[PDB]
Structures are given as C-alpha cells and as structure tokens.
Amino acid sequence: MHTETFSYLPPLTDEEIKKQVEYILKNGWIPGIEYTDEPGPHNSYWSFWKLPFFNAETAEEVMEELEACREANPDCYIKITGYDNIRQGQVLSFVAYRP
Amino acid sequence: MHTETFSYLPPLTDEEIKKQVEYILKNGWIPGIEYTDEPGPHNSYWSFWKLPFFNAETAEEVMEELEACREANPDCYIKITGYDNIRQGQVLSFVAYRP
Amino acid sequence: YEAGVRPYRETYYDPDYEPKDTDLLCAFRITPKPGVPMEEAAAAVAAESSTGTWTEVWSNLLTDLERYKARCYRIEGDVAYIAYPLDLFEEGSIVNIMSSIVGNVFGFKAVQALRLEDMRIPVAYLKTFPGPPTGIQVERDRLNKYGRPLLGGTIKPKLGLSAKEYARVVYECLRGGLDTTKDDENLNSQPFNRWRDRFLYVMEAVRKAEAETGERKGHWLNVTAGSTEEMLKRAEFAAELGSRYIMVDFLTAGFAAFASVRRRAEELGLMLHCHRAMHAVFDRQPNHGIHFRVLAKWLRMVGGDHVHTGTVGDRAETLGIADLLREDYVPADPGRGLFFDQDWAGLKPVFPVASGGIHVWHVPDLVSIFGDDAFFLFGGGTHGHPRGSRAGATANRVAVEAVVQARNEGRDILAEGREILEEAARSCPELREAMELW
Amino acid sequence: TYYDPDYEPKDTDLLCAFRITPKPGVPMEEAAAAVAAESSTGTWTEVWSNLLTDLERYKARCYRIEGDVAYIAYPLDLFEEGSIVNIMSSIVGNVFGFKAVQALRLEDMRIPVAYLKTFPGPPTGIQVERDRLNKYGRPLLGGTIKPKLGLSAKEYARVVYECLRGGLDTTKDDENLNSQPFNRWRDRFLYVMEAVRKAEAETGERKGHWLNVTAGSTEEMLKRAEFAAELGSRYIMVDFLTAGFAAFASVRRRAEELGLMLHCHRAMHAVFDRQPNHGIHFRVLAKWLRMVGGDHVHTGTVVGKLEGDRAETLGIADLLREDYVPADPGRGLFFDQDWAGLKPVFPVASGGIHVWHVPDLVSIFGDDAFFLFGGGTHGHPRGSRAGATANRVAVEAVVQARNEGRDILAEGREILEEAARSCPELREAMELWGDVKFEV
Amino acid sequence: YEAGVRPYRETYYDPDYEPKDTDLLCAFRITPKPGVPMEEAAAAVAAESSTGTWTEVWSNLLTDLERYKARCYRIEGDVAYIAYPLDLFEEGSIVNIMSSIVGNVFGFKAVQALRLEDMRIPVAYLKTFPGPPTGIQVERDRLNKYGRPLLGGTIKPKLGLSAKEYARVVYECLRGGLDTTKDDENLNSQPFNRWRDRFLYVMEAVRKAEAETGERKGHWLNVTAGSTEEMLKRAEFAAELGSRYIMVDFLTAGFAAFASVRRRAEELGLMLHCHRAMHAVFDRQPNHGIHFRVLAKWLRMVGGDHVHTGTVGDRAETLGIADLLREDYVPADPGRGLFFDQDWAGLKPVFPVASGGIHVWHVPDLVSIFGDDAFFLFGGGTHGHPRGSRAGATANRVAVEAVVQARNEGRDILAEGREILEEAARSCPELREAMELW
Amino acid sequence: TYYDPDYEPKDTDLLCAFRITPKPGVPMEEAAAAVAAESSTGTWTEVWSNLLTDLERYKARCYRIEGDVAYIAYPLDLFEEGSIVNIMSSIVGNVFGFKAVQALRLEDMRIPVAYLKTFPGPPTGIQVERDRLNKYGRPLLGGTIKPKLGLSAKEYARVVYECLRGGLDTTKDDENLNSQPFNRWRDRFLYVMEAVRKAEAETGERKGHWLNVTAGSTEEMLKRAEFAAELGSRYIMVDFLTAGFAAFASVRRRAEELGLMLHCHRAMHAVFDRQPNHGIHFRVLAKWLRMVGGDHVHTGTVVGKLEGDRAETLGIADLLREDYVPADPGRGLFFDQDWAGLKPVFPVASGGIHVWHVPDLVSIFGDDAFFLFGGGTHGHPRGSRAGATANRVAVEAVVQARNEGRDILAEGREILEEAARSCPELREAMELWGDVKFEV
Ligand SMILES: O=C(O)[C@@](O)(COP(=O)(O)O)[C@H](O)[C@H](O)COP(=O)(O)O
Ligand SMILES: O=C(O)[C@@](O)(COP(=O)(O)O)[C@H](O)[C@H](O)COP(=O)(O)O
Ligand SMILES: O=C(O)[C@@](O)(COP(=O)(O)O)[C@H](O)[C@H](O)COP(=O)(O)O
Ligand SMILES: O=C(O)[C@@](O)(COP(=O)(O)O)[C@H](O)[C@H](O)COP(=O)(O)O
Ligand SMILES: [Mg+2]
Ligand SMILES: [Mg+2]
Ligand SMILES: [Mg+2]
Ligand SMILES: [Mg+2]
C-alpha cells in the first residue's frame, strides 16, 4: 500500500521530514499532524493530533509533536500536512511514520 | 371602436394634431404616420406611410405628409406615432383621422 | 490562535477599507444598546451577517477572512456603511442576500433597533439576475398602448362576491375604458370564490370587452396559493385561457416561490403583476425594519413587471422608488433615502403602480409625478361611480387622456389641473358626474 | 358595523389579538373596526356590486377591546384551506400600512381546529424523530459550523466530523450558507455525509447534519433536497421565512415523500417580530410553522446573544410541543390553542450559549429541545471535538441531576463542577467562558 | 437619414472612446488589403462584429447605435483594440461571443488576414458563467492528492487495441503509480473498440489498481460522440460505473455540446478532462486565426477541469496560459501575448496538462515551469519502458516525487536536475532503466 | 510504413487531400507519412501492447504525392458511424499542431458511400422544401435584418413585415442575434411570426423567417426550436460551427421531428478556411454540413463583400446539390464524390450584394439557391419594402431573360434597365449602388 506524496521514495528520515516542515513554514502555511490505523482510498479524514499548529514558529516545535504522536500511536500511520488558508486547501501531505 | 390614446377625447383638429407633433419633435423623438382600414386588437402593424420622418425639422412638414396620406387613403384610419430610439419604443401613438 | 471572546470591532470595523465596485454595500441605521459603542454595534452587524460569531474559533484560520469578511468601513451619524465581498453571495438568489443581510442581525441584544435603509447591488452580481420577464417597453408593445399612463382597478367587494357576477364587474370596467382590472391580494381560492371559476368567467369578460372596445385588455388574475406547485398550476390555466397577465403576492408567497413564478411567466408569455401585501410589516417604522426601496430593488432583480408604490408615502421617497424601478442608473440622494448610486446593468424596467383611494381629482398630480410610465388604479373609484363601473371607467380614462393632451400641448397641468378637468368634463358627462361625487 | 362587543366568537372563527397604535385623533374603537374591515371585506366607498352579495357572512368583527389590544374574529370561509400564504395576505396584507394606524403588532392568533385540519403539520414530529434517532431522555445536541462562510467543502466536513464524533448529535449549515464560489452545495453535501457516516460508525450513535437546501427558487431547493436524500441524509434545512411560505410548503411536502426530517431556520424573523409596537410576534410565526410542517424551529435562548423573553419563550415551547395550550397572560398567550392532533415541533435554542448556560437551558426547555453550540463548540481551547464532548457532558450531567431531584438552578454551578472533575474538556470550557454573560 | 455606402471608419473608429469596465475588449492583429487604410479595416471588423453592415439602413435610426456599437478605440502597430458593450452579449453563452467576435469578420475582402490575440472578458459578464465543475482545489480533495504534480498517460496504440486488453494496459499503468490514464481523443466508439465495452473493462482495472495500491485512481473516459444526447448517455454510464472522470474533445464536439456535458458532469459528480483536439486548425499561424489563450479563456468560462497546454509552444506563451487557467487575476504582458489584464471574478481554476512525447528527463524542467498544480502525461513514456507499462509508471512517479522533494529542501532543481534524478535512480531500478532507454 | 505509392484505395476508404508545408528539413514524403500515422494509429515510441493487435488493419496510408499535396487513405473501420465529431477528432485532431509540419490545409475529402449511409442528411432537402414553399423556377429571395443588433423585438418584426410583404420569400436573424437584453428570443419569436403570417396573407405567397435558435447549450437551443414549432414557423436557424457539430446534430434531429426546416449559418468558418496554406477548405465543411443535415448553408457570393473564388464556389454548389460530382482540378475538386442518395442542400449567397449583382448571381448559381439582400434591401432609399420589391423583380427579370435564351452576363445591365422601366423601386436601387463594386 502506498500513501501518496513521497510514498514512492525511501522512508523519510527525521531530518528530511524537518526540511519538509521548514518548507511549509517558510511559505507561510500551517503544518499539521494526523494519524490513522486504516489508511486507504476510503479514508479521507485521518485523526487529528491536536489542532493544526497555527502558532508554531519553528520546525522543531512540529517535530516534537511528531515524536509525541509517534510515541503515543506506534501502530498508526502518521502524516504531516501543510494547509494554505488563502487557497483553502492542503498544499502538501506525506506520511512521516509507518507502523 | 376605440383606438387607444386620445380616442376618448373629441376628434383632434389639425392644430391639436400639430401640437402633438411639436411635442414629439421638441423632445427629440421621430414622428411617423401609419394607416389601416382594419384597426383592432389583432392588428399591431399598420401600413407605413413612407418611412418615419427622421429628417423632419418642423411640425408642418409632418402635417403636409398627414394631409397627403389622408387624401390618398380617405377610407382608412390614420395615426401619428412618436418613436424614441434611446428607449427603443414608441412613446406616443394616436389616431389623427378616421374614415 | 487564541481562544476566547474578542470585540467584534477588532475584526469587522475597518474605516480604512475602500469598497470595491464588486462589493455589495448596505446602509444600516443602528440604535445600539445603551452602553454599547456604535463601532461595536456596527461591527457586530457586519460580523454576524458574513463570517463571524461570538467567540474566536480555530477554524477561522482555515480560510481567508481578510477576503471574505464583511467590513463596516464608515459610520456617519447613526448610519453604518458595510461592504460585503461578492464571493459571499449565491448567484441569482435574492433568498441568499436576505439570509445574510437580514438573517439574524436584527435580533441581537447589543443592537436595540436596526433598519436597513439602502443597498448597493454591484453590476457584476446584478447580471446573474434575469430581471422583469416583460418590462415596460415590451409590455407596451404587447398592449399596443403608447403615450399615456395605463389604468386599472380592483374588482370589489374585496372578498364576498361570486364568479359570473365578479366577471360582470370586470366587463363593465374594461368596456368603459380601463385597460386592466385585478383580483384583490387576498382573493386566491376560497369557498365563496374558487379560482378556476373566477379565471374562466373573468376571461370571458376580458375577451368580450376587448372585442367591443377594440382595445387590448387584461385582468391581473391572482395565482397566489399555499405552495409553489399550486401557483404554477393556476398560472398555466391563466395562460391556457389566453390571459395576458397573472398576479402574485410576492412577499406573502415568498421570494423563492416568486422566482419560480417569474420563470414560468416568461416561459408562458404571461406578464407578472406583483402585489406588495405584507410590505408594511417590514418597512413601516423608521427605527427598525427594511425600507421598501430595498424590497423594490429585490423585486426588480427577481423580475416583476409592476409593483405598487403607494399614493401621493413621501413624495421625495416615491420619486426615488420610481427611479429605482424605471431608470438604468440612479444617482444617490439621501434626501430620498438613496444612500448609494445604483447601476441597473441593463435590467428591464418595472412599471410603478399608484393605488389606494384615488379618483379623478388626483389625475393631474399623478401625471405630473409619474409621467406616462405608470399604472393608475381606481378600485372603488370605478365601481363607486353614480352610474356604476362602466361610467366610472370612462370618467377616469377621459381624465388621464385630457391631462396628457394638455401636458403635451405645453400647459402647466399642476396650476391648470382644475381647469383642464373642467374643460374635458364639458364633453364627457361621466367625468362631470364623477367630479361632483368625490 | 365592524365593532361588535356583543358578538360571541365561534369555535370555527379565526381570532387575532392586535396591539394598535392609532393615528392621532383616531380612537381605538374606530381603528380596530378599520383593521377588521380592511382585513376582510370593507372598501373606501359604496359600490353597486356590494348589493349582489351578503357581506355579513364574510365581515370580520372586533368583539373586544382592552387598552390598546383589539380582539378580532374572522369567519372560517374567508380563508383558503391549507394556505398560510392566504392567512398572511388577509391578516397582515394591508392593515399594517393603513393610514389610520401608526403602528400595529399581531400578538397572537387562535387557529380554529376546523382550519388546522386542512394542514398536514410536521412531516416527522418529535416522537417519530426520536424514534428515527433512537435518542430518549435528554435534550439533543447540535451546533452551527463556523466560520459562517469561507470554508471549503472538505475542510467544512472536517469540522463536522470533529463535532459529531465528540458527542454532538447533529451539526448544521449556517442560514446564509447555500451554494457559493468558496463552497458549492454538491461538494459540501457529499463531504459532509462522508463525515456523518464516519462519526456514526465510530461512536455507535446515530448522527445527522442539517444540510441547507435554501436557494433562489423552489425548483433548486427541491433539487438539493433530492440529492441529500440520495446520499442517505436524515436531515435537510430550510430558511422558511427568507425562502418564503409557498416554497417552504413545497419543500416540506417533498421532505416527507423522501423521508427527510426538516430543520427550519427563522432567518429574518427579527426584522418584524422584535419591536413591541409593530410587526408579528414570533409565537404567531411558530403556529404557522407548526401548521405547514417543520420538525424543528429556533425559539431563542433567553440567555444567549439574541433577544428573547423567558416567559414568552415558555409559552412558545408549549405552543410547539403540546396538543392543547390554555391562555396565559403571564406568557402572552391571548387564546386557548387546540392543535387538532398535529405533530409537535422541536424547539431549538441557539446563539451565543456555552456550558454555563446548560442549567438554565434545561430548566427552561426540558428534554424535548435541541441545544446548539456553534462558537461554544469550535471555540473550545482544544477545538471542536473537545468542545462537543464538554457540551454533551454538561447536558447529561444536568439532566441526571434534575432527574435525581436536585434544583439545577440553585445547584447549577455545583453540578457542572462535579461533572468537570471527570471531564477535563468541560473544565477547560468552564474556565474560558466563565466571565461571558449576556443581559436577560 | 441618407441612403448609400459610407466608410466603416466614420461610425466605428473612435480613438476618443474610453473603455468601460463592463466592456468586452478584443486585440486583433490586422493585415489590411493593400490600399485599405488600417483605420478602415479596423472599423470594418468592429462594425461587422456588432451592429453595422455595408450600406446605411433606415432601421439604424430605430435603435441607439452610440450605446450598442462596437468601437475600435486604439490602433497600435498592426493591433486594433475594439470595445464591445456588455449589452451585446447573451449571458453565459460562449457560443454568442464567438458568433459576434469571430463570426464573419475573418472573411472580408478588405481584411487580408486577421488574428484574434486576446480578449478582456469583463467581470460582470464572467459572473454569468459557471466555470469548472470541480476546480483544482476540489479535485485534489476528491483525489486526496496534495503536494506534487499529478501523473497521467494515454493507453496506446491510439486506435487498434481491443477492450479487456486495453484495460490491462490501464491496470499496469495505474498499479505502477500513475494517478490517471486516458482514452485517445479520437477513441470514441468504433468497430474495433466500442465504448460500452471499453468503459466496463477500464473501470474494473481502475477499481483493482486502486484497491492494490491504496491510492485513488481514474481513467479519462472519452464520451465524445456525434450528438449531445449520445455524449450525455456515455457520461451517465461512466458515472454509474463509479468513474471519477470523463473526457470530452471540447472543440470537435463544440461549445454548445461542451456546455451540456459540463452541466451533466457537475450534476453527476464527474470531473471533466478537456482535450483540445482541433485547436491547431484555429491557432497555429501568427497572421490569421485565434490564439489558443483565447480558447483557454472560453474553456475556463464554460468549465473544464483540465486542458492540455503543450510541451516546453513558447515558454513565455505557456506561462501566460498557465496563469490564465489557474490564477484569480492575471496582469497584462504582451511579451506573453497577454494584451489585457484578466480578472477571473472568483471562477475556479483549471489544471494545465503537459503532454506530448515527454519522459523522465523532462521532469525537472516541468516541475520548475508548472509547480505542483499540473498534470504530466506520459503516454508512450509509460508503455515504452523496457519492462512495460508498470515499470514505466513507477519510474515517472519516482522522478516527480524525487524532484519535488529536492525543491522543497531548497535545492535548485534546474541546475541539479540531472544529479537529483541520478540520486533517486540509485534506489529505484525502474528509474535507472528508463533514463538509459531515453 | 505509412507511405505506400503502390496502395490502391478501396471504395470503402475515406480519402484526404492535404496541402503540407513541412518543417524545414522534413521532406514531403516523410511529412505525409507522419500525418497519416498521427491521424490513425502511430505513436512516438515502441509499445508492448502493439504486439497484441494487427495495426495494419487500421493504419492510414499516403498513397500519392504531387508537389505539396498528399493523398491519404483511411480504412472505414477507423471511424465512428454517423459522427462528424469523430472524423474531425481523427483527421484534423492533432496533425495540424504536429512539430514536423509548419502549416497544413485539408483541401478535400472523399467520403465513401458506406460511411455516408450512416448519416441522415438534410431533414428537408431542396425538393421537399420547394414543395413546402410551393416555389419553383427561380432563386429564392431572403435577407438579414439590420442593424445586426439593437432593435427591439417589435421593431425588429416591423422590418421583417416590410421585407416579406415587398416580395422577399424569407428574412433571417443575424448570426450573432440570439437572446440579449435589448431583444430576448421569446419576444422576437412571437412578434416575428405575427409579421410572417401577416405578410403571407397579404401577398398570397408562403413566407418564412429563419429564427436563430443558436444558444449557449444544446438544451437551450432545443427549447428555442420547440417554441418556433409551437408558433408554426417553417424555419429555424443555427450557427453550426460556433454551436458545434455535436449540438448541431441534436438540433437537426429535433428539427425533423418537429417538421422544421433548418437554415445553417457558417459563422467562424473564415477563421480556418480562408488562408491557402493552413486550415480546412470550406468544400470539406460543406460535405460535413450535408452529411449531418442542413437544409441551406451559406456558400459565399464571389462578387460581394466577403472573399470567395468563382471556380471553387461552382464546385461547392455541385457538392451540395448533386448526387454525383466528378473530380475537377479547375474547381479544386480532388475526388469524385457520390452522395449515396442523401438529399441536396440549398446554397445561400449573402454579403454585400445588391441589384447589379443579380445577373452574376443567377449565372453562378442557377435557380436552386437563396440570394440574401440585407443592406441591399433595408438600404433602399425608400426602405425595406421597396428594396425587397427591387430585388425580387431583378431576380425574376434575369431568370426570364435566361430562360428566353439571352446571355444574362453580356446583357445583364440591359436586362435590369428593361425591368426598371416597369419598376421604379429597381430604378432607385440601381441608381444608389451603381458605383459600389468589390474585387473579384
Ligand atoms: O385592497 C386595496 O386597497 C387595493 O385594491 C386598492 O383598493 P381601491 O383602489 O378601491 O382603494 C390595493 O390592493 C391597495 O391600494 C394596495 O395597497 P399598497 O399600495 O399599500 O400595496
Ligand atoms: O448564525 C448564528 O448566529 C447561529 O449559527 C448561532 O451561531 P453560534 O452558535 O456560534 O452563536 C444561529 O443561526 C443563531 O443562533 C440563530 O439565531 P435564532 O436561533 O435566535 O434564530
Ligand atoms: O495523442 C497524443 O499524442 C497524446 O495522447 C500524447 O501521446 P504521448 O503521451 O504518447 O505522446 C495527446 O493527445 C497529445 O499530447 C495532445 O496533443 P496537444 O497537447 O497538442 O493537445
Ligand atoms: O452578417 C452579415 O454580414 C450578413 O447578415 C450579411 O448581411 P448584408 O446582407 O447586409 O451584407 C450575413 O451573415 C453574411 O453574408 C454571412 O457571410 P457568408 O454568407 O459568407 O457566411
Ligand atoms: Mg387589494
Ligand atoms: Mg446561523
Ligand atoms: Mg491523444
Ligand atoms: Mg449575418
């Protein structure tokens, strides 16, 4: 099973994930974290980990939430999202962790 | 049988008709002359007497055409029309002569 | 993101905002609750009629509130000017406009009284509306009537009369020279007077009067009913009988059903008279409600061929409404309650209708006020004539034509109104009698 | 003759209570007679055709005046069966603009049983609706999605998902959300129903979203109702005043045919039901609403951001839910009202309420009502799911307290504080909005 | 009134005219017949595309030509700027725009060659059009695909292949990582390949590939047919099978039928790929025809979800077209052939599609040019892979994702395009092979 | 292999004559082969799935090249039956934008009889149309109402009335007159038909108006066709290129069902049929038009304001009217064309013509054609009725002269001058436009 963007590349390291988060922030978008144990074509609403981090100022703050979500949900897929409120749509979504 | 505007007043004299023509011209509208022997609710296209007098500068010029139409068609109803090309519609129509 | 309650003013009051030509603008007369600043009351109206609510929500940051929010951009006296982005509205839907502009904001504790005075509908939004199904010019073409106001009258008693007789009153009015007659707004289908019976016998009277006089006639058959389907049924039957007109109480039936009847009317070739029954529930008080001029704009946007305008509320007010209905551009004039310029983007014009206890003596004033493009209704002013509806119709027709003749001849119909009518009365016994009665 | 203090109203008569502010110099007796005439038969001059009828059979009569209140009786045969539109055209059609009155308010109306039987009433009704939801013994939880406008269809349904899975029974489109460039209705309807099904499966409780079919024409509203039914939605929503009663009746008929429950938003009501001197009191609008057939209608909160009197609201809830409501001057009920077996309507309390208002809301409405928390759900410090849990828990804790014999007004704060000990979401909501009060 | 022939210039050339925001503007490149002045040729185009003809007619004076006539208001070089009043056009009808702007004026003896370069659609007229039935944002939501270009490919041979096998090629492409596949523009229903058979077996392949990969898939099923009714039938069947997409050749089928399919697509929840077959008949030569950017504007107005944009005609030209399809406002830039500013009045954006003999080596350039919001089509670039469609699809998918990753990390994907692909090839044998082949 | 000079075309093959301007360095033989491949099967790289088929059955083949003209044969099974849309998608779908050609013009196409039989052809046809009109032995008279746009519906029909009662057989909406704020289609359709009936009763000759149903969607065009038929109109009109062939086919089917005759305006054709180096020659468009089914189509005037070659126009008229047209290099007819019994189409000559052109027009077209005088009717010094009489008389005088054995070209002026002696309207038209000539 693939999980869309970047799922055809090798699994991302934490430093690669962090650079994607920096790309989200540098462009003024809102990073978010979601997780599910049931990925697939019929699931368009993964579980929110907290809320989209509107107040995050650094990529490391997001990475700390990722590690906390990863520790809390070790048997779930976990993805990073990037939301553009001017576009009213996600501009980036990729799985950061796989069970 | 009535013929719409002014048909409930006494028949108009030539001086009354002329004043209506002056009203048409003073407001920058186009006077015209039409005639028919079959007035009624089913007739919305009387016969043209020449064309609408786009070039008429005085009411008397129109009155001369009325007298010529009246002489040529003594057994017809004859009406004066006033057309507003900015409105794309007639702004005055009344029968000037009855057989 | 910070949860909690913030003043509406911080987000929805922006006196630096410059309205765009595509913005929809509103002028609200605001009476704040004592202790609530005017800027906060105005911002509350803007917020709760566009995007905001009473407390900050995380989902606000999922959209572009700078683009979508309404903004109070000017407060002058007790009038708040609020601009609404074009993207907030559904194309071609008066119902949507109402659901935002007048949906909830009139009932807030922080605003003790609220009156919508005027609205600037932008040209780009007006073009999503069809406008009148006929329009003044096409209507005059269908009637073959040019150069004078058109005359009508309501068949009376309002409720009570039977069918074949109700139609005898129609026949008498129309054969006497009235162009039209009409149902009362509350005459729909009732045990005393069912609609199918009335439609059938009224139209027999219209065909007869038209054949005898030689002038085209009509009756504004009221299709107002409890459901949209029933109204469309009654409109179909009116068309099957060859009626040139139908009638709808557009406020009591409602705008959604009004839009449905307007579409069917154009498809069937029917002209649509619009009765404004219930308008005074909304528009009577100067401190709270919706002024009729706003209702008139929505009326022209959906598409009515005529609408009542009153008798003369105020003269300045009525002249403003007549312009809003008939002209392609109406400049602002707060003296007439017009707070904005209104470009009508090529929508057809609406006939204003003057009605309400008027008779021959009012014709000089009415012609001076409205000119040719209006309907003058003589309800009791026709049936109450000493010799009945027929003679009353003749008196009214002669009075209008005589005044129009004098005007066209260059006479001052206001200063000579009395003399003009007395001149015409010398050759019309019906007019002389009517002038004596009233 | 239109004022007849010796006239005894018939059980078939339609009765109206008008508060009249006459033009100066117009005495109350004559103003009431004028209202009766213009709302029934009267004209302004004698007419020959009046002699061909028996107007006495159709005249309305003012039969009692107290102060500035006129009671007027209308014969049954004046009105078209099953048409609220006809009632309005006659009762509030022209008498509000008449010259001889400066202001006029319709306070109440006695709908006779013989006229009520020409109406179908709600398509579902409280009892059948609770059966369809399998929810008994508590007020039902709802909430408007916010921002009112601006969310995409997919993000809009994300908020729906968070609300419903957190404990709300329903969510709803804002009254002004129909179909707009930023959020077209077909996109919204599809994504919302995906969220509804998802939250229902995960919680084990039946869910719903009040999808707004309000549109510019009746035909378009029916089309949107059809699509909602094709998606299996239990609900649609209509702004019955802005759309209008004629199109509202059309939508109500279709709703019953399709098996849809019908939420009714009263947008525009405050334009003419607010001021005490002019307009139509909402209790009249509520009667008309129940006659045509709404399954819910907003009634106000009393304690929220929008105006509403506690006593009047108590009477309106009874008018919507009971089969017989006796007159009650303290609540502004001028007439006894029998409902002739018409189904009852859910009152809905919405607007600026939060957890601290739940004791008041339960006290006012009891179990048969919806409590809507829009800002009071999404405004929770941790978002919509936590907010929904806080509101659901507060409602259940108060219902439990009441059922156990506690005075939920006297112990309202204590009850909420007890529940908060086992519900951190409620604790956080109580802290955030503890100082947010409106005038009552 | 004076009968007789007058130069078009006397009435339809007005260099003093100031265009209104509601005017529709055209920029025509005019090659006059030798001996015909440029002002007369430009006035002839304006006249014969609005109100005038070759000789004065009495009926001209029955309307308001100052209001309705088109006017050439500026000639710069060989480009004539002509303004058309809003009232000349039927709301929501691209067909009407064409019937006026390009109806007859391209065939006049007085104008030897004529090329429509650009058109300024006013905001008030754009709002009468629905735009794309889905739009980029909603389409990405329906697909659950964010943060990269989307990949497609045409199943080949163009014409010749059978049904259950045609679908095996689809299955292999999609299971290898392409998001979509498509019918050839000229594959409709033919004796070798009938549409019902193809639709049934293609969709079985889509469901299978979607289930195995876990990613949402689609095939652009071509509903193009000889009549509008037949196209709607094929769209209904595609929807009944659960297809997320249909496809129409919007120029060969025509705009009227295109509008019909766009409406049905939105009603059925189908996304609408638009193939621009025949465009080069109109838009190839620089001296005569209609430039594609004008066709692209009409395409976005009627409502297509994607449209092909070519491969890289010119780079500047393509960037202008991509902006016209995706942005809410596009400023003028004659260097890119954009002669006017274009406000899109909130219409949804269209996906540009790059197609035509492209393979892995072009991905760095394509990402730099288009960014995330575009479709990259690999027709033969997928099936021609050494190990077949499946491996070719994987190579293309990896190449796109690898380049997007590098871009997001801050790397210069143009200067490092080669290095990036070779880095990704070390962990993807399919990519290494594809790079060796082409 | 896509160039095969030894291939003999089959009677079932579809044949194309392309004028190719190849990219520099691309020889003609290879460019023709590339056009054949891209318009049939070929790809740009080898594909594994090609081995699962027999492409030889579907390949198009260039079988002859002379100069810059390539003859290409396409198998019958490549095309969808009865779909001009499919022909265009294949034959002119991508090969005009291909890199290896700088310019490309489709000069002619041989439609095989076996493919023609899948099309219905005109719904009425010349013979049945003349029967429906009861008009035999002369070209038929028509004219576009002017101004193109701006007239109200009622004034628009006044001009129609004057034209028809003066001797024109028909009148027509301008191609760009559909439904606009100044003139909505329902208003126009009603008033026009009142004028048509009036002129028919007064003259004793059957009349018609080509009511334009062209609209933004197929459904809207069908609606306008329905209304025209309900009014008893003998005709509707469609811009078949701007509306498009798919919607055109839908309208043609409905026209036959309703009994409507179908006038076809070729608006937009000059965008791509004018220049000799690129596009599609109109003669091809005329074949496609006759296949789908138009009752008339404009063909140009040769002598009027719009471009058109006399020899090419002679061939196009034959292609529209005859059942078999042999190849003719002098007229640009590259192939013999059998029409398989399809009904014939009226050619229509329109654009900048007046009385002095009638001898030329009769000489070029003969009797089976419409001559349209728009400006040449309304531009008459005394208006539309006089102008219509002048044009009708000129046509009849020339037809009479020809039938009597006169050379109407050598005696053209003399013939008109004779008729003018008995027709002052013609005399005045001849004086006004005597010096108005276009280049031929
Ligand atoms: O019922 C009536 O009073 C009328 O029929 C007038 O009767 P008369 O002509 O016999 O007075 C009209 O409906 C009102 O004028 C409308 O009021 P508005 O102008 O307020 O809509
Ligand atoms: O638009 C609004 O304000 C609401 O969504 C409340 O949102 P919050 O829950 O965020 O306040 C409701 O429509 C109002 O309560 C209706 O007023 P009523 O119920 O009085 O008709
Ligand atoms: O038929 C073809 O050539 C394609 O399927 C590409 O095949 P490959 O991907 O195998 O080349 C496309 O339709 C063209 O690219 C469209 O041309 P345009 O961009 O001119 O519309
Ligand atoms: O719009 C016009 O110019 C016309 O109405 C001619 O008007 P006049 O009769 O006043 O010239 C016709 O549509 C053209 O002849 C069509 O060109 P073609 O016949 O070549 O398609
Ligand atoms: Mg009335
Ligand atoms: Mg709301
Ligand atoms: Mg292709
Ligand atoms: Mg034309």
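As the structure lists them, so they are numbered: ligands from 1, and atoms in each ligand from 1. Here is the naming used below: chain letters follow the sequence lines, and residue numbers restart at 1 for every chain. Computed from heavy atoms alone, side chains included, the values below leave out hydrogens, waters and symmetry copies.
The side-chain contact (heavy atoms from CB on, under 4.5 Å) test applied to D:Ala34 returns D:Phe98, not counting sequence neighbours.
Judged by distance alone, the side chains of D:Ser89 and C:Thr252 do bring a donor and an acceptor atom under 3.5 Å apart. Residues C:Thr51 and C:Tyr12 bring a donor and an acceptor atom of their side chains to less than 3.5 Å of each other. Checked by atom type, the side-chain pair E:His273/E:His308 shows a donor-acceptor distance below 3.5 Å.
Excluding waters, the set of protein N, O or S atoms lying under 2.8 Å from the Mg ion (ligand 6) comprises D:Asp174 OD1, D:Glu175 OE1.
Ionic pairing of F:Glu38 and E:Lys158 is not present here: no N-O contact between side-chain nitrogen and carboxylate oxygen is shorter than 4.0 angstrom.
A cation-pi geometry, defined here as NZ or CZ lying under 6.0 Å from the six-membered ring centre and within 45° of its normal, holds between D:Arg266 and D:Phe282.
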